[PDB]
Structure formats: C-alpha cells, structure tokens
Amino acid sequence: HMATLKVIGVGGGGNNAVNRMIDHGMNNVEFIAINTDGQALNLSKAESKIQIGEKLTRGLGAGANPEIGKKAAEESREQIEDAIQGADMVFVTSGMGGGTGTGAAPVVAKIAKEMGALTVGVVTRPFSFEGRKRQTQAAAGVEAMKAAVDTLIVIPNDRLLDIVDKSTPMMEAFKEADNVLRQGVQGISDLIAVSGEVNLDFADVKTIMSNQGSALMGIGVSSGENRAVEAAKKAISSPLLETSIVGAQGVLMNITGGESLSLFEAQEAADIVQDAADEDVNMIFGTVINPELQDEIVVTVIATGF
C-alpha cells in the first residue's frame, strides 16, 4: 500500500502556493483549498475546496483577525475532518500574520494529527515592511503551528530580499519560496514510489519527522569533479529557511546518482551532513542508482530535533 499524500492551502498565501503546485501538476497528491474568502476559493483550481466560517464572515476574508480564522475553522471542523480522511501524510501550507492562515492553519494541523497523519507545516513569516503587529500575530501563529504539527518549516519572507536583484519580479520571488514545499512534496512522492538500492520508506520519514519541532530541508544538485561535496553543501545551505542544520539530532538523507556513484563520494557527502550537524545524530541514509543519469548527483536532506 502506497502512502496517501495531501497538500492543504489555508488562507491567501497558502492557496497561492497550492495554485502553483496544481499548475505544475502533482499526480498522486490530493490538493485541498481552505479559505474564509469565497471569491478567492471560487477561483482555486483545487479539486477539494472548503469554505470555512460562512456564518462568521459571510463569505469574506478574516480581515487579518486570527480569532476569526480560528473560530471559522472550529465552525467547519467536520468538513475539514471529511476532506483529510484517509491521509497518511498532510502538508499544511499558510502565510502567518493574516487572519485565516494564522488562526485556521493550526486548527487544520491538529485535526490532521489526531486523524493519524504525519503532519508537516510549511509557513511564511511576514516582510518587516508589513510592520510590527503583523510580525507579532505571525509569531503567535508560528507557536500555535509548532504545537499542532509533527514538523514545521518556517520561511521568513525577508529572506526573499536576499535572493533577488532590484528588478526580480515579485511573483518570481514568490515562486522561489513556493519551491521549498513543491520539491519537498516531490521528494516524498519519489521516496514512496521508487525502490532504492539502500531503500528508504515512509516508516523512515515518520521516525525522523514524527513529533519533532523545527526542521531544515534542502536539495542539492551537482556534477563534475567535486560533485558529492558540492551537492551536500547546497542541500544543507537553505537561504530561505529560518532553521539551520547546526545541532540537528535526526537526519534523513538520500543520494540519487547514476551507475558511477562511488562509495567514496557517498561517504564524502554524508560526512558533510554529519560534520555540519555538530552532534551525536540519528541518521537514516538512503541511495538510488538511476541508470538514466550520467554525471549528475542529487542529495536530499531533512534535519530535525534541535
């Protein structure tokens, strides 16, 4: 039996991320759009849509009030439960600092976690230009999210200002933030579908991610001379995430390479991840030999327990 994967967008930012993943097309993944705002939800491409808090907001947004988001989700608990039914893994994605995301996303997470699903949060923190109130609501939102999920990935939107030039379109910057969740979902789909030479399965994902807190995640791609060290360095250097690898107690790591993937290379990449941790780790290590690949290597890393 294959693990059932569901991705849930909660509020404006959450649903923007989901709409872009639906645009790409993820085949074995179920998408769920959750919002207070009915106009926005009507335009979603998601095949499962839940309008929350109709009695409370009359089909409008939460107007940046997290109490309205939270009570909206509590009003609609049974419809959330129904949409999540059957999930083995749930990704909850949302922008913190607004009303719907901040308030409803932790309610959604708690529902997913009590249904037995491995519950991963992927959230943003507001830009400093949005101001102190917005940042404060977001901090409370992150804390509520941390209590409700198995593992949380936090992307401060301020980090987008470190990866743009003065002309990079705003939408193109948002796509980079979006890639964290998209490549994460794809990585798990791959892990579940493909039998590895050193095989990792969904029980290995649960061991590393179940009942943790903050997580670092990344992917590194390289080829040529120093490909193993370069790939591993890129996977653990995640400029968009709040959490760094230092102090990690649990690591899931996979290397995908062609027939030339050397044992020496595998140790080099794994030593980069071990060393950067700076701890006595529980590493679960996997490898895939894809005979389609020539000189390209792909290292993927999830690091938890700080």
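When you see a residue number, it is the position in the sequence shown, counting from 1.
- Higher average CA B factor: 177-185, of the stretches 177-185 and 200-208.
- Relative to one another, 42-50 and 25-33 have unequal mean CA B-factors, and 25-33 is the one with the higher figure.
- In the PDB entry, the Cα temperature factor peaks, among 223, 94, 137, 119, at 223.
- Of the candidates 263, 253, 269, 276, the deposited coordinates give 276 the top C-alpha B factor.
- Split the chain's modelled residues into thirds by C-alpha temperature factor. Residue 64 is in the lowest one.
- Ranked within its chain, residue 71 lands in the middle third, by CA B factor from the PDB record.
- When the modelled residues of the chain are ordered by their C-alpha B factor, residue 17 lands in the middle third.
- Ranked by Cα temperature factor within the chain, residue 8 sits in the lowest third according to the deposited record.
- Sorting the modelled residues of the chain by their CA temperature factor places residue 125 in the lowest third.
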